[PDB]
Ligand SMILES: CC(C)(COP(=O)(O)OP(=O)(O)OC[C@H]1O[C@@H](n2cnc3c(N)ncnc32)[C@H](O)[C@@H]1OP(=O)(O)O)[C@@H](O)C(=O)NCCC(=O)NCCS
């Protein structure tokens with residue numbers, strides 16, 4: 001319920017480098033729409049006499065000096081490629097008021113009806129009118145505050161978007177940058193040939209293939225149209241210890257290193273989805289894993305590298321093998337697909353994309369029979385202070401998310417997007433068939 005909405009354009013507070021800015025291959029594939037994050041704050045203490053909206057606008061303007069690419073626009077190039085125009089056209093900031101209360105919210109979680117709180121984007125508009133960054137602050141009726149931030153995956157991954165947001169808070173409190181951004185995407189060979197390969201590369205990565213369809217049909221529009229649903233499913237510390245010890249008992253597990261939380265939960269989720277979808281045993285199925293490459297390259301990417309450095313790697317199996325084998329088998333498929341990602345693997349993946357004739361077939365928003373599990377377990381989300389205090393909740397809006405549980409260290413919450421026809425069976429196996 002919204003009672004006021006007023007929208008402003010924010011440009012950097014000082015002149016900034018202007019011109020044409022080429023993007024890494026990872027910038028131009030996968031998700032190129034906006035990553036949305038929500039932050040909720042309690043009514044500021046009586047101590048606070050600053051101006052909330054003005055603090056936000058002013059510090060955003062100052063932080064855009066150091067992150068000036070965020071203030072630019074995209075422009076299409078030939079062959080599905082695109083680049084950034086650093087033109088300091090600016091970002092959209094919205095100040096809004098509501099006559100709802102913080103206490104009206106049933107609970108806090110990526111949920112719809114929150115859309116009055118998020119700046120909505122019209123992706124059919126011409127590209128040079130679409131800001132890469134949109135923020136909305138909303139004052140509620142009893143003094144609570146909400147802040148949604150929406151930042152293009154076409155120019156950053158989630159790590160770099162949260163870097164931007166964190167520095168925004170720091171500068172609003174008047175203190176210096178924690179991590180200086182490294183902005184030159186040439187370090188990732190943006191718009192440039194890779195070094196020569198010593199040994200010629202074998203282009204055999206699973207993610208180069210297109211994800212399978214359901215065994216009967218020949219394309220996936222029928223599945224794409226079906227009604228889905230998001231449910232939040234907690235996993236307590238002890239449930240995770242059970243799942244993990246069960247997976248480590250399998251001889252596919254690594255000795256001296258167990259399965260991680262991500263590996264275990266993701267294998268469990270893949271098995272549960274397979275059981276719930278009632279596939280024939282031969283049904284191919286692929287699971288997508290986001291992998292941050294920053295520290296996986298040699299040389300590792302520079303500290304504070306600002307851009308997309310995350311790639312989606314695929315593990316694949318059949319529904320019947322996943323269902324019929326123990327949990328450790330599935331987890332070992334996840335773990336093996338992750339351990340494959342060495343420096344050589346990354347460079348071969350970039351070379352593949354450089355040599356593709358059209359990137360449009362790797363862009364825009366997967367589901368049944370396939371799956372994606374995005375780890376949010378290490379993203380520096382928490383403690384964003386502008387300051388009227390830290391937030392009391394923050395979270396994001398075929399993909400499921402593994403979020404940490406901000407109120408019990410080590411516990412997690414799966415944000416699961418599945419078809420309505422399969423959600424009930426999924427929940428049942430998720431807890432029971434532990
Ligand atoms: C692929 C990935 C998900 C695998 O995670 P993983 O299976 O936990 O394996 P890791 O090697 O990263 O970490 C092992 C353990 O040490 C911790 N850890 C290891 N390296 C770490 C690092 N560099 N920073 C923080 N924590 C780390 C992890 O939290 C994990 O702990 P857990 O088992 O208690 O959960 C992870 O490495 C990754 O790339 N994360 C990226 C998520 C992301 O960027 N998503 C947003 C995309 S827009």
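Don't overthink the numbers, they just go from 1 along the chain as shown.
Cβ atoms are placed via backbone N, Cα and C, with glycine included.
Taken from Swiss-Prot as is:
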BINDING   31, 153, 312  spermidine binding site
ACT_SITE  153  active site, proton acceptor
BINDING   158, 260, 261, 292, 296, 375  CoA binding site
ACT_SITE  385  active site, proton acceptor
Cβ contacts of residue 261 (CoA binding site) (under 8 Å, same chain, 6 or more positions away): 240, 244, 377, 402, 412
Length of the line joining the Cα atoms of residue 31 (spermidine binding site) and residue 158 (CoA binding site), in Å: 11
Distance-selected binding-site residues near ligand 1 (C-beta under 6 Å), from 153, 158, 261, 292, 375: 158, 261, 292, 375
Å between Cα atoms of residue 366 and residue 365 (gap: 10 unmodelled residues): 8
Listed recorded positions 158, 260, 292, 296, 375, 385, filtered to Cα within 10 Å of residue 312 (spermidine binding site): 292
Residues within 8 Å of the 31, 153, 312 Cβ centre (excluding the spermidine site residues themselves): 29, 30, 32, 157, 290, 308, 310
Around the Cβ of residue 296 (CoA binding site), the count of other Cβ atoms that are within 10 Å: 17
Site with most surrounding Cβ atoms, counting all protein chains shown within 10 Å, from the binding-site residues 31, 158, 292, 312: 158
Residue 260 (CoA binding site) to residue 385 (active site, proton acceptor) - Cα separation in whole Å: 31
By Cα-Cα distance, the member of binding-site residues 153, 292, 296 nearest residue 385 (active site, proton acceptor): 153
Cβ atoms near residue 260 (CoA binding site) (within 10 Å, other residues, all chains): 18
Span of 158, 260, 261, 292, 296, 375 around CoA - largest C-alpha separation, Å: 21
Neighbourhood of residue 375 (CoA binding site), C-beta criterion under 8 angstroms, separation at least six: 262, 289, 290, 402
Binding residues 31, 153, 312 (spermidine) - maximum C-alpha distance in whole Å: 13
For residue 153 (spermidine binding site), nearby residues of its own chain (Cβ under 8 Å, 6 or more apart in sequence): 30, 31, 32, 33, 34, 35, 308
